[PDB]
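Just so it is clear: chains get the letters A, B, ... in the order the sequence lines come, proteins before strands, and each one is counted from 1. Atoms within a ligand are numbered from 1 in the order they appear, just like the ligands themselves. Worth knowing before you read on, the calculation uses all heavy atoms, side chains too, and leaves out hydrogens, waters and symmetry mates.
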Amino acid sequence: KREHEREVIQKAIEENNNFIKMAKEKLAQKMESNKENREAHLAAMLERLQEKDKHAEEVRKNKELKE
Amino acid sequence: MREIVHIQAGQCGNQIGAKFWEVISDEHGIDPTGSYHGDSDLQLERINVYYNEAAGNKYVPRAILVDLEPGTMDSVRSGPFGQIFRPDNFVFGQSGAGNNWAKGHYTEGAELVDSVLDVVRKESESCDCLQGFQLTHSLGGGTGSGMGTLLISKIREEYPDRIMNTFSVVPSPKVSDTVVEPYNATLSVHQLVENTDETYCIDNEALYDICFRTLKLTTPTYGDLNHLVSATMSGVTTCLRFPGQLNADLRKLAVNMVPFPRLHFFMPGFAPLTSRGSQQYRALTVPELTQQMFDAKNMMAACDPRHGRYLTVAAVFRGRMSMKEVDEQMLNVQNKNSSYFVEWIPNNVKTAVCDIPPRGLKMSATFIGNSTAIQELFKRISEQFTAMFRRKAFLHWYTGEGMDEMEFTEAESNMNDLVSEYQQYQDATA
Ligand SMILES: CC[C@@H](C)[C@@H](NC(=O)[C@@H]1CCCCN1C)C(=O)N(C)[C@H](C[C@@H](OC(C)=O)c1nc(C(=O)N[C@@H](Cc2ccccc2)C[C@@H](C)C(=O)O)cs1)C(C)C
Ligand SMILES: Nc1nc2c(ncn2[C@@H]2O[C@H](COP(=O)(O)OP(=O)(O)O)[C@@H](O)[C@H]2O)c(=O)[nH]1
Ligand SMILES: [Mg+2]
């Protein structure tokens with residue numbers, strides 16, 4: 001009985017520790033995955049816009065290439 | 001003489017315990033300071049059973065007060081008798097067990113129990129011939145229930161050859177609406193069946209019906225309930241506290257009352273039933289005491305005695321009266337009802353008379369019965385338990401403290417087996 005009493009409080013502690021650990025883990029994966037998604041979505045928006053600059057030099061070059 | 005150590009645990013345990021100390025202190029002419037002021041020496045002969053003798057001619061109850069919360073103990077410290085208890089004998093924690101047996105038995109109760117055990121040890125060591133232990137507590141809360149049964153288990157380990165005795169208050173939905181009380185009670189009963197020698201079942205349902213139906217109290221309080229409890233406790237410990245022949249110590253009591261080790265749960269009874277203050281002008285006759293104390297309406301456990309059989313019965317009459325008449329009236333009760341008494345334990349009713357009546361009465365009688373009808377109380381707890389357990393309702397409060405369901409299935413099984421053992425003996429013939 002006394003060894004069992006010890007296991008029980010041990011199990012309590014363990015399950016509580018494990019609840020915290022899992023929550024920390026799930027929180028951190030969600031944060032970094034949200035950070036990546038948001039970076040990508042902004043990288044792509046800016047490069048689309050960069051491609052507008054390439055195309056606008058290309059339209060002006062083509063103009064001055066007319067004699 | 002042979003010393004008894006008293007432990008009271010939790011709100012209920014400490015309320016009924018305090019109340020016991022008040023009552024027997026007055027029966028022995030010991031006043032709140034520890035000073036004797038009575039006029040008989042019957043009062044002092046066996047005082048050492050319950051009181052240590054301090055220098056200055058003072059009596060200190062041999063009593064340990066335990067709870068996981070401070071509440072009821074500030075309250076007892078400042079009761080009428082509060083100043084009587086030894087102060088390092090109050091053992092208390094801070095957070096309370098929230099009506100959770102797992103907390104009482106395994107997690108918070110775990111923390112405090114070594115401090116209790118040290119006080120118990122200290123009280124033991126200074127005893128010439130320790131008879132054993134008695135505990136007051138309820139089964140439906142968390143401290144009295146889960147911690148109190150943890151204590152019993154630890155005391156049994158250090159003192160395997162002393163008698164362990166409890167006064168166990170059984171929960172009822174007439175008194176309490178806390179939903180998990182059948183869980184705490186079933187877990188507790190499981191412990192009690194293994195680790196006690198005698199258990200007096202005080203059933204909250206019985207006390208409430210007595211108060212309502214008979215004492216005509218439309219709104220009973222706990223104080224009303226506890227008044228019936230303390231009369232009873234005084235009654236059942238008479239033989240231990242006064243000179244006499246029958247059941248004069250815990251072990252003699254257990255050998256007269258317990259034919260099989262598991263069936264050690266008793267129905268106490270009492271006459272006359274009274275409410276606090278309100279007045280007792282007419283003494284009962286020996287025939288009235290006798291009919292009343294065996295009345296189902298006088299039992300502190302809500303069982304119907306005609307539904308079972310008495311294995312053994314101890315009866316105690318108090319106040320000055322005719323022993324001859326006690327004797328005819330007792331014989332008359334058994335002869336007129338012989339079929340409620342198992343033929344295979346001959347002469348299973350024992351009777352004591354003590355000359356000193358209880359405060360405010362010229363005479364009373366106390367009954368202690370080991371009846372198979374006590375199965376009814378266990379059946380009621382079991383039905384409440386199973387309705388919840390079959391859906392695992394409210395279990396998360398228990399597993400959140402580390403318990404496993406298995407522990408619940410075992411308690412339930414042990415209790416179902418208890419009930420069927422009583423049934424086996426109700427039907428056994430000779
Ligand atoms: C708000 C309603 C509760 C008061 C009440 N009702 C119920 O609990 C519900 C209500 C609806 C569903 C089914 N029933 C069970 C109740 O009467 N209860 C809990 C009492 C107990 C309760 O009653 C009253 C009227 O106060 C309490 N009694 C005391 C009490 O005795 N306190 C004494 C001190 C004391 C003693 C022991 C424990 C705590 C406090 C103080 C004095 C005046 C006395 O001795 O009578 C405190 S709470 C009985 C069923 C036993
Ligand atoms: N008869 C009686 N029953 C009580 C008293 N106090 C609490 N109870 C009952 O005991 C159960 C709760 O136990 P309690 O002792 O308060 O909890 P603990 O402090 O965790 O042991 C419920 O059934 C209550 O109705 C009391 O003073 N007298
Ligand atoms: Mg409490």
Side-chain angles (χ1 to χ4, degrees), chain B residues 7-20 22-23 65-76 78-80 82 91-109 112 116 135-152 166-189 200-213 215 217-233 268 275-278 300-302 377 380-381 384 397:
Chain B
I7 311 140
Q8 52 186 67
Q11 165 175 106
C12 184
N14 278 287
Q15 288 286 166
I16 64 170
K19 203 64 176 10
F20 171 73
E22 264 159 69
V23 168
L65 302 78
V66 182
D67 206 341
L68 282 164
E69 72 198 350
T72 307
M73 279 164 47
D74 299 58
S75 164
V76 160
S78 223
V91 188
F92 63 88
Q94 286 292 337
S95 55
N99 296 314
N100 189 325
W101 189 94
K103 284 191 197 175
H105 200 82
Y106 286 131
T107 61
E108 324 276 319
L112 181 86
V116 179
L135 179 87
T136 48
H137 60 149
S138 63
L139 295 190
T143 295
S145 213
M147 201 191 172
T149 57
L150 180 68
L151 265 156
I152 280 172
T166 69
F167 287 88
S168 295
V169 184
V170 183
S172 154
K174 289 181 167 147
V175 166
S176 183
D177 299 275
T178 132
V179 74
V180 297
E181 285 178 6
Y183 282 167
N184 307 331
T186 292
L187 289 157
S188 275
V189 160
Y200 295 99
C201 310
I202 304 156
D203 188 5
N204 265 354
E205 190 138 322
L207 313 179
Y208 178 93
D209 299 330
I210 289 160
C211 280
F212 184 84
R213 304 190 200 147
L215 263 15
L217 298 177
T218 45
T219 301
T221 74
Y222 278 135
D224 296 314
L225 271 40
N226 285 359
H227 174 65
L228 301 173
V229 185
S230 65
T232 298
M233 285 181 77
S275 54
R276 258 171 320 167
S278 111
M300 313 299 153
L377 173 60
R380 184 188 90 213
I381 304 307
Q384 293 157 0
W397 297 115

TODO: With heavy atoms under 4.0 Å as the rule, classify the contact between B:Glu181 and ligand 2 as side chain, backbone, both or neither.
DONE: side chain
Open item on the list: So does B:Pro182 get a backbone contact from the side chain of B:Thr186, meaning a donor-acceptor N/O pair under 3.5 Å?
Closed with: yes
TODO: Tell me which one of B:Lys174, B:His227, B:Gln15, B:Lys19 gets a heavy atom nearest to atom 39 (C) of ligand 1.
DONE: B:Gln15
- [ ] Enumerate the atoms of ligand 2 whose separation from the nearest heavy atom of B:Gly10 is less than 4.0 angstrom.
- [x] 19 (O), 21 (O)
Task: Euclidean distance, B:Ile210 CD1 relative to B:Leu217 CG, rounded to 0.5 Å - done: 11.5 Å
Open item on the list: Nearest 0.5 Å, please: how far is CG in B:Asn100 from OG1 in B:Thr143?
Closed with: 10.0 Å
Open item on the list: Need the ligand 2 atom indices (1-based, order shown) with element for anything under 4.0 Å from a heavy-atom of B:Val175.
Closed with: 25 (O)
- [ ] Go through the steps for B:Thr178 and B:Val180 under the test side-chain contact (heavy atoms from CB on, under 4.5 Å), then give the verdict.
- [x] CA-CA 6 Å; B:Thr178 132; B:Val180 297; 4.2 Å; yes
Open item on the list: For a quick test of reading the model, state the closest non-hydrogen atom pair linking B:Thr136 to B:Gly13 and the distance between them.
Closed with: OG1-O, 3.0 Å
Open item on the list: Is it the case that the side chains of B:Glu22 and B:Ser230 hold a donor-acceptor pair, with the cut-off being a distance below 3.5 Å and no angle test?
Closed with: no
Task: Polar side-chain atom of B:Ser75 near backbone of B:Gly71 as donor-acceptor pair, under 3.5 Å - done: no
Task: Polar proximity ligand 2 side, B:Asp67 side, N/O cut 3.5 Å exclusive - done: no
Open item on the list: Exactly one of B:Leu377, B:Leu207, B:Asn204 should register a side-chain contact (heavy atoms from CB on, under 4.5 Å) with B:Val170. Which one does?
Closed with: B:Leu377
Task: Donor-acceptor contact below 3.5 Å, side chain B:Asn14 vs main chain B:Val66 - done: yes
Open item on the list: A side-chain contact here means heavy atoms from C-beta on lying under 4.5 Å apart; do B:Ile381 and B:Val189 qualify?
Closed with: no
Open item on the list: Tell me the contacting part of B:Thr72 for ligand 1: side chain, backbone, both, or neither, using a 4.0 Å heavy-atom threshold, strictly below.
Closed with: neither
Open item on the list: For the 3.5 Å polar cut-off, considering only N or O atoms, please tell me whether B:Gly140 and ligand 2 meet it.
Closed with: no
Task: Which of the ligand 2 atoms, numbered from 1, are nearer than 4.0 Å to a heavy atom of B:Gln15 - done: 27 (O)
TODO: Write out the residue and atom name of the closest protein heavy atom to atom 17 (O) of ligand 1, then the distance separating them to 0.1 Å.
DONE: B:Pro220 O, 4.0 Å
TODO: State whether the shortest distance between N or O atoms of B:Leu207 and N or O atoms of ligand 2 falls below 3.5 angstrom.
DONE: no
Task: Option whose closest heavy atom lies nearest to atom 11 (C) of ligand 2, chosen from B:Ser145, B:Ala9, B:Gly71, B:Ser138 - done: B:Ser138
- [ ] Determine whether the side chain, the backbone, both or neither of B:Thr143 has a heavy atom under 4.0 Å from any heavy atom of ligand 2.
- [x] both
Open item on the list: Could you work out, for atom 9 (C) of ligand 2, the closest of B:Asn204, B:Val169, B:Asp224 by heavy-atom distance?
Closed with: B:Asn204
TODO: Report the distance from atom CE of B:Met233 to atom OH of B:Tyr200, rounding to the nearest 0.5 Å.
DONE: 9.5 Å
Open item on the list: So, regarding B:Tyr222 and ligand 2 (criterion: nitrogen or oxygen to nitrogen or oxygen, under 3.5 Å), is there a contact or not?
Closed with: yes
Task: Non-hydrogen atom of B:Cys12 closer than 4.0 Å to ligand 1 - done: no
- [ ] Give the residue, atom name and distance (to 0.1 Å) of the protein heavy atom nearest atom 15 (O) of ligand 2.
- [x] B:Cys12 N, 2.8 Å
Open item on the list: Return the closest protein heavy atom for atom 29 (C) of ligand 1 as residue, atom name and distance.
Closed with: B:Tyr222 N, 3.9 Å
Open item on the list: For atom 2 (C) of ligand 2, what is the closest protein heavy atom, and at what distance to 0.1 Å?
Closed with: B:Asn226 OD1, 3.5 Å
Task: Spacing of B:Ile202 atom CD1 and B:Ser138 atom OG [to the nearest 0.5 Å] - done: 10.5 Å
TODO: Supply the atom-to-atom distance B:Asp203 CG to B:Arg380 CZ, rounded to the nearest 0.5 angstrom.
DONE: 4.0 Å
Open item on the list: Geometry only, no angles: is B:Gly144 polar-contacting ligand 2 at N/O separations under 3.5 Å?
Closed with: yes
Open item on the list: For atom 44 (C) of ligand 1, what's the nearest protein heavy-atom neighbour? Residue, atom name and distance, please.
Closed with: B:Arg276 NH1, 3.4 Å
- [ ] Could you find the nearest protein heavy atom to atom 26 (O) of ligand 1 and give me its residue, atom name and distance?
- [x] B:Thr221 CG2, 4.3 Å
- [ ] Any chance you could measure B:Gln11, atom CD, to B:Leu68, atom CG, to the nearest 0.5 Å?
- [x] 13.0 Å
Task: B:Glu205/B:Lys174 ion pair, N-O < 4.0 Å - done: yes
TODO: Considering only non-hydrogen protein atoms, determine which one is nearest to atom 17 (O) of ligand 2 and report residue, atom name and distance to 0.1 Å.
DONE: B:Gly141 CA, 3.7 Å
Open item on the list: Quick check on contacts: which atoms of ligand 1 are under 4.0 angstrom from a heavy atom of B:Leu225?
Closed with: 51 (C)
Open item on the list: Which residue and atom name correspond to the protein heavy atom nearest atom 9 (C) of ligand 1, and how close is it?
Closed with: B:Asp177 OD2, 2.9 Å
Task: Any protein heavy atom < 4.0 Å from atom 42 (C) of ligand 1 - done: no
Task: Nearest atoms (heavy-atom pairs only) where B:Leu112 meets B:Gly93 - done: CD1-N, 3.7 Å
- [ ] Could you tell me the residue and atom name of the protein heavy atom closest to atom 31 (O) of ligand 1, and the distance to it rounded to 0.1 Å?
- [x] B:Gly223 N, 2.9 Å
Open item on the list: Below 3.5 Å, N or O to N or O, backbone or side chain included: is there any such pair between B:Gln11 and ligand 2?
Closed with: yes
Open item on the list: I need the nearest protein heavy-atom contact for atom 19 (C) of ligand 1: residue, atom name and distance, please.
Closed with: B:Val175 O, 3.8 Å
TODO: Indicate whether atom 1 (C) of ligand 1 is within a distance of less than 4.0 angstrom of some protein heavy atom.
DONE: no
Task: Non-hydrogen atoms of B:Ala302 and B:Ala206 that approach each other most closely - done: N-CB, 3.6 Å
Open item on the list: Within ligand 1, which atoms have a heavy atom of B:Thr219 less than 4.0 Å away?
Closed with: 25 (C)
Open item on the list: Quick check on contacts: which atoms of ligand 1 are under 4.0 angstrom from a heavy atom of B:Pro173?
Closed with: 15 (C)
